[PDB]
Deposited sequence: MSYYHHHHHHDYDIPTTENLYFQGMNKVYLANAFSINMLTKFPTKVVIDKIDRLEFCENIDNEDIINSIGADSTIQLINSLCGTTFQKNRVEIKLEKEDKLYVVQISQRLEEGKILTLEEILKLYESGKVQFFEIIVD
């Protein structure tokens, strides 16, 4: 059983269909405790944010993950649709975080 970290969920993470995905929202403390795991976070500002929140030392690792049944995924998620192609800067993602728009999830396949 593997555990992954990502900056979004994508259907491209799934390998077999149909599949059921169970999604729960968790708080910062639970997120940080559980990710302190295979990192796929693919944006620099997100790495900086989670390292600051959790005291971790992840580095950007923009790779494809493929989940199997009973794999688990932690997501740090932006709770707003952004402009096309948006890559958030540190200032931008911190502003979103401080406005309640960066949220944390646990996903079981």
Inset, instruction - Enumerate the deposited-sequence segments absent from the coordinates, judged by C-alpha atoms, in order of position. - result: 1-25, 62-64, 138
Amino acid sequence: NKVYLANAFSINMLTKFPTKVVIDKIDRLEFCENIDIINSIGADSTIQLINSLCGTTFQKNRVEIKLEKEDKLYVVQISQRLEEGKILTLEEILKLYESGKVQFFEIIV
From here on, numbers count along this sequence of modelled residues.
Inset, instruction - Mind pulling up the entry and telling me whether 58-66 or 73-81 has the higher mean Cα temperature factor? - result: 58-66
Legend entry - Mean C-alpha B-factor comparison - 4-12 and 100-108, higher one: 100-108
Legend entry - Among 49, 26, 37, 41 - the residue whose C-alpha B-factor is largest in the record: 49
Inset, instruction - Please rank the C-alpha B-factors of the chain's modelled residues and tell me whether residue 93 sits in the lowest, middle or highest third. - result: middle
